[PDB]
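Taking it in order: structure first as structure tokens, then the write-up.
2 protein chains.
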Amino acid sequence: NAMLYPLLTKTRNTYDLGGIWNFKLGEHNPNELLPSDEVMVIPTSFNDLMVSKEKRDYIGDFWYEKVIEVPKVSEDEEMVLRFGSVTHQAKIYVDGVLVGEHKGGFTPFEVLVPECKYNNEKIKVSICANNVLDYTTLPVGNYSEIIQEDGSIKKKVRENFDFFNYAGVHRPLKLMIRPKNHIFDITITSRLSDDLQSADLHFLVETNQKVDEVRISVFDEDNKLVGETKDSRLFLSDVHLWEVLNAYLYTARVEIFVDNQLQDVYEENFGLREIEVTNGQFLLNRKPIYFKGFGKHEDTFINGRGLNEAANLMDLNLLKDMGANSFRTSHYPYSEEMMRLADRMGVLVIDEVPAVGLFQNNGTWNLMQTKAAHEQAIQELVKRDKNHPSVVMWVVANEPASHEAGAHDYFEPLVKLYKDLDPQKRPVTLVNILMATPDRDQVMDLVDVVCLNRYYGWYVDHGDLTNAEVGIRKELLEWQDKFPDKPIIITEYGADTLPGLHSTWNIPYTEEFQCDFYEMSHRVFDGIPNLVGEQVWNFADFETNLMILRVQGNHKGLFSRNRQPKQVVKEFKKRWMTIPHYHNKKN
Amino acid sequence: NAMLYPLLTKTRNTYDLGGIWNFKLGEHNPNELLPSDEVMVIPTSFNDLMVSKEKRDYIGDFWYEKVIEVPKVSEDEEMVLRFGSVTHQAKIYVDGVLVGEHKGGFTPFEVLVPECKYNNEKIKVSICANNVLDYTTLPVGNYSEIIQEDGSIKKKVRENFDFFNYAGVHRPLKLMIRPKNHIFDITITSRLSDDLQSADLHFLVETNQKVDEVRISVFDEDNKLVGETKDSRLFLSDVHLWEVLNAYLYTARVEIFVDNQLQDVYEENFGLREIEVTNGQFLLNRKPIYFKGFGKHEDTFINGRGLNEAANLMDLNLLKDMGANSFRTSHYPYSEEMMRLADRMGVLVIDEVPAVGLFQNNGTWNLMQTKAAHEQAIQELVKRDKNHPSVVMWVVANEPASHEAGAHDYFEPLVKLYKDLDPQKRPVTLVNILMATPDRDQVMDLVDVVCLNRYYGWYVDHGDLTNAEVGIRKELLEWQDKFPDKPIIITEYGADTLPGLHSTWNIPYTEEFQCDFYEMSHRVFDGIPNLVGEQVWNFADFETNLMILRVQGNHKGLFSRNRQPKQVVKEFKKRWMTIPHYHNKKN
Ligand SMILES: [Mg+2]
Ligand SMILES: [Mg+2]
Ligand SMILES: [Mg+2]
Ligand SMILES: [Mg+2]
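Protein chains in written order, with the deposited numbering: chain B, -1 to 359, 371 to 596; chain A, -1 to 359, 371 to 596.
Here it is as structure tokens:
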């Protein structure tokens, strides 16, 4: 119900509630006043702000509480609390009274403030956040409890994924004043003409009550009116297409009227671009695209998984400079701010739900109770991002046990849910793990694009690039042979590389070996006609939990965690600026 | 044989053949002249001198060759080539003729030059070294051959041990002119008086032919005569004991006479000190000793496993400064130069054969064909090092599969061999692996001292010092209970630590965690009465092969490979200078 990005309009007052909140790790009664003994920032992960390991490793309920002054609310208006996200679970309280809940730490949700408080001077907002992950949540965790022999139970979450379980309120919290009779949702679809000069637009505006008129004004990038409609349909000539690294955005100003007066107004951006997957190719605007980019992470020093718009722009500027053109929201939906940035900069985005960890240590599909959370995640993501021209593909899961029995039955309705909910019917994919090699895999028949995470030379044939090349070329041909019409994209491939580590003997973990690894990989990729994309793992080093294979987090980044480059960055820029975005390898 | 250290005496002309030799990786006919296209230094490992990975990873025969001018050799003299070691196997050639052979890369051997060449102007010495390791060699390797489909055989050695397979001529090669009738061995033993003020010296001088008189002169550290005998036995008064970090060495000048004229002369050093293991204690000069020190490696940059006397003295000076008192020759006998240095500096040495890798990647003892090499290793080591007062204990194996069936039958005669060969009958031990818990192990009953390699907090309970502390304390108490009168020494304990890695959250691989790991370890150790020693792994970072657990070699060193300290070095110096060398924890 809150998939529309929060705006300041003539009918919508949007206030930011970010800043210092009273904080507590542990139990709390929302009817009681949380003291200011401990405080916390919104938005940010709380973890790296804790000095001790004990508090940084906390699992369970943790509270945010602050008294907010009530703004003027008219009779025909309603006041809601719009969360960008709360990680992972949340129960929201107003004056000690439960007013909303949400499960899933990477999707936005709104909560209605009771009308009986609109004339009060202040309201106390309490946020009960929860970072527990188990077999019912996305992402998947291994939950356990141990008795401290002190009388209390201590919770632990052994992650089923390769990234640190950062938690907290990671995205902006807004106090929204909006009309009771308001615009609920906007869907924008287009059919491009045969000459790509015209477009048949369709605006599906959802309301909660009914209005006499639904007016839509369309403006270009010069803020010039180019179209008007009251019947949810509009034809437009002299269109400017949204292009890769050359974006063009229109704005649809939607106005609803009752008795000839404005009830609510909203502005939704959109881009004109065509997507089609056919004949082992990914077509953008009817031209073959070669994906060049990164698997990423919402990860930065200090803030952790918290929003940092400066980081987004810095990352995307580096992406553009290297000659790259895309990235994947691994392994969870990123902030709306990032998606809007990608729209504005013309960066292709592979959108992904938090479906990572669907893998036992078998009998995975008798153990995974994630169906409910998986369906909601797909519902929320599509509803939130369906209008983004940057979003070009959906991901049902990252490295699930797609070789075990019951896998095909699990994913078929989920792939279908993507196809049913997305009005653009964009391609959906499943990110494949090495254990699910062509013969054993039983799910890749459901998707439109084959996405592979392969580490020949790092995990398999470690430090053995000679035999790694034989292995990767062998399997890529197997995939291409099993699905002759499906395009292939490498979504993950890389090697842990610590800055400063050097050698003349192609030694793993050194900067030179990272260069050698990618050079070999690309030699193989360029020989596969159906391979239409390469996305490295990762853009930058990121935090993980404690595992012997992890040398203080993950170091497969091309850049360090401070966005400083490694040796391999210079090499990628040469390759990526040589290969055009529109690149046909069928010739 | 070649047990005696090469000396320059009036009867023995010893020349060093170190320098630049003509070199070749591959096949060679010793009847032919090796060109100077490739050269190599003696002594050093050849590996890190190769720029390419291909030549560095070479396995098989590799040749050293040089034309050497023959010096004056009289009628009663012979000329031999004395190799400190050749790693791992060697065939020696003089003018293309096979003249000597040795197996085992860490023990000395001599080879006779044919008498028919003593009046030649020059001789051509060819060394056919070989670095192949398998199930018949010490250390144990996993050998395999793969055809490159070019018609050639590519050999590969997969090491069964955690250190790089450095190879070459690592130790000085001497050209020795000695009398045909010479002293080939000298054994020095002593019985200390009850007041430790006197000593009964016994000498066993071995010659290859008959001699009329064996005269032995003993000189103190002031080079003053304190005794002389023709009966190979001598009583000494006002003796000065060899002490920990306070060494006193006597010199035995041994002269053999034939027909009233000097036949040969040699000088052998020795120290007066007593060793006894009893009641869960290690007694040196009848006082309880607490071992503080390191497991080491013959490893430096550039030289690899090659001898560096400067490195030996630098390391031993650091050892002394930190308050340490001992080290272990893991996992192979070190250079004679190191042993003699330890004698001079009063450093305790745990002497060790290359019996590492006796563990199948169960049924280890149905696959290990190492019996012959193991017997030779023990024979060579004892014969070479028995006169060193620094040597206080022998190691029969490092981390073998001592929990599997057949282990006891394998080690029982090998432990016996140490006792039979060593005239001092020093304690022998077995370095135990973590898989062989007190219940599973079936070999520790044979040894005098229990040596344990434990990594609670690193390998088991990784980054969980809380649960690690419980685990290590639990097992240590089990060992103490199973063997109530056997002393316990921790011979390996540490955590990989890369210089520059930092955190406030006790993160593995950081310098802080290394401190935390050792702090926890010591808290446990101090509560175990039978634990009489702690030797960390490792003294310094060292090179290993390629595998995902190795971040460019092993980083468990207290010092970096360049001998620069890590954060923990300061903490160890505090502890080791508080705990005396003579420290009784029975009280
Ligand atoms: Mg910020
Ligand atoms: Mg690969
Ligand atoms: Mg331990
Ligand atoms: Mg103590």
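Note that beta-carbon positions come from the ideal geometry of N, C-alpha and C, so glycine has one too.
Residue i beta carbon near ligand 5 (any heavy atom closer than 8 Å)
i        : result
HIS471/B : Absence of ligand 5 is noted for the structure shown, with ligand 1, ligand 2, ligand 3 and ligand 4 being the only ligands found.
Residue from the options whose Cα sits closest to the Cα of residue i
i             : options                                : result
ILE184/A      : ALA0/A, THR373/A, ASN221/A             : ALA0/A
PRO4/B        : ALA197/B, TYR264/B, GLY94/B            : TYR264/B
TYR141/B      : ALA127/B, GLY149/B, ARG156/B, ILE151/B : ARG156/B
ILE181/B      : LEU485/B, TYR464/B, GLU204/B, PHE159/B : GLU204/B
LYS222/B      : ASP210/B, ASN554/B, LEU247/B, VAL212/B : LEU247/B
residue 597/A : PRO177/A, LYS208/A, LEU234/A, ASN118/A : Past the edges of chain A, shown from -1 to 596, lies residue 597/A, and the structure says nothing about it.
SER333/B      : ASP46/B, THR85/B, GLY24/B, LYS64/B     : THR85/B
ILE300/A      : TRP19/A, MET48/A, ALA382/A             : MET48/A
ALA127/A      : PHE60/A, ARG54/A, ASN441/A             : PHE60/A
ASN371/A      : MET337/A, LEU346/A, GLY415/A, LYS395/A : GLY415/A
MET586/A      : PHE81/A, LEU2/A, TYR288/A, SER569/A    : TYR288/A
Bounding residues of the alpha helix (DSSP H) (the contiguous stretch that carries residue i)
i        : result
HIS531/A : 520 to 534
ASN310/B : 307 to 319
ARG189/A : No alpha helix (DSSP H) holds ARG189/A; the beta strand (DSSP E) holding it covers 181 to 190.
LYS53/A  : 51 to 54
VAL452/A : Where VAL452/A is concerned, there is no enclosing alpha helix (DSSP H), given that its DSSP letter is neither H nor E.
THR373/B : 373 to 376
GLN388/A : 380 to 394
Range of the contiguous beta strand (DSSP E) that encloses residue i
i        : result
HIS200/A : 197 to 205
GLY480/A : No beta strand (DSSP E) holds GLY480/A; the alpha helix (DSSP H) holding it covers 474 to 491.
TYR62/B  : 59 to 67
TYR248/A : 248 to 256
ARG342/A : First-last for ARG342/A: 334 to 343, but that is the alpha helix (DSSP H), not the beta strand (DSSP E).
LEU23/B  : 17 to 23
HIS100/B : 95 to 101
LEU281/A : 279 to 282
Proximity test, Cβ basis, 9 Å: residue i and chain B
i        : result
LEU555/A : yes
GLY509/A : yes
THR519/A : yes
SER196/A : no
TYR56/A  : no
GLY566/A : no
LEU96/A  : no
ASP473/A : yes
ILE151/A : no
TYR468/A : yes
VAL203/A : no
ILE516/A : yes
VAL49/A  : yes
Cβ-Cβ separation, residue j to residue i (assumed contact under 8 Å), whole Å
i        : j        : result
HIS590/A : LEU243/A : 6 Å
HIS412/A : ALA445/A : 4 Å
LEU136/A : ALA410/A : Not quite, the Cβ-Cβ distance comes to about 15 Å (not below 8 Å), so this is no contact.
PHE255/B : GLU219/B : Not quite, the Cβ-Cβ distance comes to about 27 Å (not below 8 Å), so this is no contact.
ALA250/A : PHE201/A : 7 Å
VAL109/A : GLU63/A  : Wrong, their Cβ atoms sit about 15 Å apart, outside the cutoff.
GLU521/A : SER530/A : Not quite, the Cβ-Cβ distance comes to about 15 Å (not below 8 Å), so this is no contact.
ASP262/B : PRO177/B : 5 Å
Below-9 Å beta-carbon distance, residue i vs any chain A residue
i        : result
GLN561/B : yes
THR513/B : yes
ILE481/B : no
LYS575/B : no
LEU443/B : no
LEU558/B : yes
Where the beta carbon is closer than 7 Å to any heavy atom of ligand 3, which residues qualify, in chain order? Here the residues come out as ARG463/A, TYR464/A, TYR465/A, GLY466/A, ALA477/A, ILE481/A, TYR502/A, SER530/A.
Contact set, ligand 4 heavy atom to C-beta under 6 Å: Going by the Cβ distance cut-off, the answer is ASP535/A, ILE588/A, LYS594/A.
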